[PDB]
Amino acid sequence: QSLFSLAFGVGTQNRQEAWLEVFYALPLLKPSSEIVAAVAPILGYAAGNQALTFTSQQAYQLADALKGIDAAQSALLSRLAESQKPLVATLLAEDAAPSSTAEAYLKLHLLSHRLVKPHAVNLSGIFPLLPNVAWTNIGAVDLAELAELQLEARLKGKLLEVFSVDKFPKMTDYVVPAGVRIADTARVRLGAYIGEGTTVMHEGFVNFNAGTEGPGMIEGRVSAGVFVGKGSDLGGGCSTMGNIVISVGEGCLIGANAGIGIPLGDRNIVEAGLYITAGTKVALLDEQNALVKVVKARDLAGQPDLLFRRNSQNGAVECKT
C-alpha cells in the first residue's frame, strides 16, 4: 500500500534508553512507493505504523539504495551514518492515533513544516507519549540527570542554561518555515502552523495543532486546536479559549486584551478589553444602531460582518451591522 508518511530521524535518549526527542531534517508526506520498496527490506518493515531504530551501518545501506530514486534523502542518510547520536526511521502506513514518541514527533514536524494543516492529522493520546524533559543549551536532558549536570557546570565556573521544562519543545529548535517572523521563539511550540506572511510578536503565543493561514499579525494567545484565517489581526494580550472548537475567519480584528469563546466569521471585529463567551447575552443591532433583539453569542457564531463592543454609558454588550 501507499504510506501516509515516512522520515529518518536523529534523536536523544536517557540512560534507560527511553527516547526524549527526535529531529527530522526532511520529513515526507505520502512518500512514493519507490522510496518505500527500497527501504523496507533493510529496516525490516512489513506493515502498519512502526518506529524502527536502525544502526549506523544500515544508514549507509539505506543511503546507497536510494541513489537514483531520491537524491536529497540519500544525501541526508550519508550524514546520518556519521552521527554521534542514535537513529530512528518512522514509517506511518495510515493517519492514526500515535503509539510511539518517534511517531509523535513526526506528526508535529508535518504540522510545522506546513505539510499538513491543523485538524488534518490524528493526535489522540499524544500527551503520555511526550516525556517531560529539561530543554537546555546542550540539548534535551532527563530531569533525573539534571542536578548532577547543573553541579558540574557550576564547579567549572560556568552555567547550564535551562530554558524550558516541558513535554513540548519550542518549534524553532526543529524548523523555521519561510516568510515568517517570530519575535520570541519560546512562545511557539513544535506542532504550530505558522503561515506565510505572519508576524508572531513577543506577547503572541501559538500552541500545538494551532496557528495561522497567513498573512497575519499575532500579538495574542492562539490556543491548541485554534486556526486563524488569512489577513486577521490578533491584538496584544487577546485570548482564545481551550464543546466547540474555536476558529477565526478571514480579515478579522481582535482588540488588545479582548477574548473569544466562540468561532468568529469572516471580517468580524471584537473591541479592545471585551471578553465574549458562548453564553454571553448580546444586543443585536441594525444598519442604524437600533436594537433588533437580544440573542446569545453562540447563535451568532460563524457569521460575517459582526462588530462586538461594550456600551460605555450602560455596560451592555452590543453587536452591530
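Quick note: we count residues from 1 along the sequence shown, nothing fancier.
As a check of understanding, is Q288 unmodelled in at least a third of the other compared entries that model its flanking residues?
It is, since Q288 is left out of at least a third of the other entries that model both flanking stretches.
Note how many residues of the deposited chain are left out of the model between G242 and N243; the options are none, 1 to 3, 4 to 9, and 10 or more.
4 to 9 residues lack coordinates between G242 and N243.
Please compare 82 to 90 with 174 to 182 and name the stretch with the higher mean C-alpha B-factor in the deposited structure.
Looking at the recorded C-alpha B-factors, 82 to 90 comes out higher on average.
Averaged over C-alpha atoms, is the B-factor higher for 163 to 171 or for 121 to 129 in this PDB entry?
Looking at the recorded C-alpha B-factors, 121 to 129 comes out higher on average.
Would you check the entry's CA temperature factor for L76 and let me know if it's in the chain's lowest, middle or highest third?
Its C-alpha B-factor, which the entry lists for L76, ranks in the middle third among residues of this chain.
What third of the chain, by the recorded C-alpha B-factor, contains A97?
Middle third.
Please place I246 in the lowest, middle or highest third of its chain according to the CA B-factor in the PDB entry.
As the PDB entry reports it, the C-alpha B-factor of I246 lands in the highest third of its chain.
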